[PDB]
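As the structure lists them, so they are numbered: ligands from 1, and atoms in each ligand from 1. Along the sequence shown, residues carry numbers from 1. Any value given below was found using the heavy atoms of this structure, including those in side chains, with hydrogens, waters and symmetry copies removed.
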Amino acid sequence: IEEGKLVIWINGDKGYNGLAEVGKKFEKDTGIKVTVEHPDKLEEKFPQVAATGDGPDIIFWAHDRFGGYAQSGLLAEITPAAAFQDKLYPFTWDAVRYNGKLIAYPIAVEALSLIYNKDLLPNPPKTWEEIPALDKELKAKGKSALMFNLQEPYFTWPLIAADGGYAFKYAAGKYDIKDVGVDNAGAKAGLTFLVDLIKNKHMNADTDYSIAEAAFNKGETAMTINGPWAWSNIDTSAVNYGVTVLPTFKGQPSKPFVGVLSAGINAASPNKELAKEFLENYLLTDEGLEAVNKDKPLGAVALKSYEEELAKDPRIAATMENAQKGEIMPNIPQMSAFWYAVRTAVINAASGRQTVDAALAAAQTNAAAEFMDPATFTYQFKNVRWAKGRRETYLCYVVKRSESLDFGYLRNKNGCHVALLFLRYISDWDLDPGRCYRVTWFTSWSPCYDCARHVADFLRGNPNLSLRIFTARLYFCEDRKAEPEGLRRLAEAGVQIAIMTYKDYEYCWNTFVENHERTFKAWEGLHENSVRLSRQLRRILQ
Ligand SMILES: C[As](C)(=O)[O-]
Ligand SMILES: [Ca+2]
Ligand SMILES: [Zn+2]
């Protein structure tokens, strides 16, 4: 990693030649060389390539990706002056805030808007409630009122959240992953309205992005819901199209997720002051943003002065308005479980498989985290030999795609063993045979014979699923030594079985436990018992 020199990473779909122009001016004035790279898949790169040797000095990406970096400690904390912060819209600073600290500079703002055909619909509706009648009217004329992608919750959330639904509760640059607004009354209302639009044949349950885009671009529908990225395509077609504020629901604005293009600084960068000088005095300026805007449109921008210039284009003003009425995309990783849950819900409610209430309840439980009591964990997962009296069995689990679809813990309930309860849970999911899933268990007890058997058969029935089991203790029922054959059966089915080591207890302590910010405290003989049990399991597995 060079010193006295700036290396900038930004995606290829951005304005990087304009950015290179900016860096050229910076190099001209300060004699400090600046090179813009736009490598393919840089956002996947950075969390690793930068975590060790070097990376870029500055990285441009949507803010939600930075949170994951920030907790890894890969992003330098910034403290720009109030005088500089006032140059940007205050809500954009909230997007670059992680755990109370500012981890990046806001650049651009994007959100969904209501795109309408001006020839079909010169006066687009202000409310969602208007849309059924309007559709009934347009369907007599061979058109439809509205088509947008219903398959992805990103597009359907603005309506669902309007009456008070939300992802995670946000305070002072911090998100509560235990607080989730998915099954609350507002979300119920919004999703009920959507499903009612489908039941009444105003919209179609199978409509997706390309279908909606094709429909609107060909003039087959009066409205669609979409972002700036779609605009040029509509430019190619012949459609007279406006872009305006999303319709209200029950008097309240639709609330789309707001992406914020942001510039983070490498925590491993020697050049941090150079980066701040560049970003503050060169990039974020009317001229600096103008430069990259010439190359490719940023959409709406975080800088007030230039946004006032860009907003003379009413579609950008619409983008900004919808953004200011929407909610900031949470930058926490648990968001991935949100996406999967809500999507599922919205599908199951749209096809009539589930009621709105049931779907949103399941989605709520999936998205919201439930943490174990610390004393409970310490007692139940102790790997020592006084292994009797732990009469229950606790199972911590993570379900992935690498995307973390679910995580949490179970315990034996009403006589039913915990492994079977998990099978019961995961069975209910509709898993795509096409896709592959990775499930990880941390169990206080190793499964008994019957549990191990049912798990083995389940995994035989689902080859797209793979399972790792990290166990604290090895369970045996008296007078059999049936259990070793069960474990052996699991290994035969392709289960990876291992005894929990210190690092596993660390992970569980900082993942599944409510620890009140206390470090994991090992007991005496943890490693000893772990090795002993490891040996023993090694004997059993042959
Ligand atoms: C060790 As058991 C009772 O969870 O199969
Ligand atoms: Ca949960
Ligand atoms: Zn069992």
Q: Could you tell me, atom by atom, which parts of ligand 1 come under 4.0 Å of a heavy atom of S446?
A: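 The atoms of ligand 1 under 4.0 Å from a heavy atom of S446 are 1 (C).
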Q: State which residue, out of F512, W523, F442, fulfils the ring pair (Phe, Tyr, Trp, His ring centres under 6.0 Å) condition with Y505.
A: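 Looking at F512, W523, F442, the match for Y505 under the ring pair (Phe, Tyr, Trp, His ring centres under 6.0 Å) is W523.
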Q: Looking at the Ca ion (ligand 2), is there an N, O or S atom belonging to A368 that lies under 3.0 Å away from it?
A: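 Under 3.0 Å: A368 contacts the Ca ion (ligand 2) through an N, O or S atom.
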Q: Cation over ring, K14 on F60, under 6.0 Å and within 45°?
A: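 No, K14 does not sit over the ring of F60.
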Q: When you measure from the centre of the six-membered ring of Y449, is the NZ or CZ of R480 under 6.0 Å away and within 45° of the axis?
A: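 The answer is no, since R480 fails at least one limit relative to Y449.
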Q: Measure from the Ca ion (ligand 2) to each N, O or S atom of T365 and report whether any distance is below 3.0 Å.
A: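 For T365, the answer is yes, given that an N, O or S atom comes within less than 3.0 Å of the Ca ion (ligand 2).
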Q: What's the shortest distance from atom 5 (O) of ligand 1 to any protein heavy atom, and which residue and atom give it?
A: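 So the nearest neighbour among protein heavy atoms is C448 N, 3.0 Å.
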Q: Which of the atoms of ligand 1 are close to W445, meaning less than 4.0 Å from one of its heavy atoms?
A: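 The atoms of ligand 1 under 4.0 Å from a heavy atom of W445 are 1 (C).
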Q: Under the side chain to side chain donor-acceptor pair (under 3.5 Å) rule, what do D179 and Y166 come out as? Steps first, then yes or no, please.
A: CA-CA 9 Å; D179 199 344; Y166 59 90; 2.8 Å; yes
Q: Hey, which atoms in ligand 1 end up nearer than 4.0 Å to a heavy atom of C451?
A: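 Listed by number with element, the hits are 5 (O).
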Q: Should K255 and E327 count as an ion pair when the cut-off is N to O under 4.0 Å?
A: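 No.
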Q: Which protein heavy atom lies closest to atom 4 (O) of ligand 1, and at what distance to 0.1 Å?
A: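 Protein heavy atom with the smallest distance to atom 4 (O) of ligand 1: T393 OG1, 3.0 Å.
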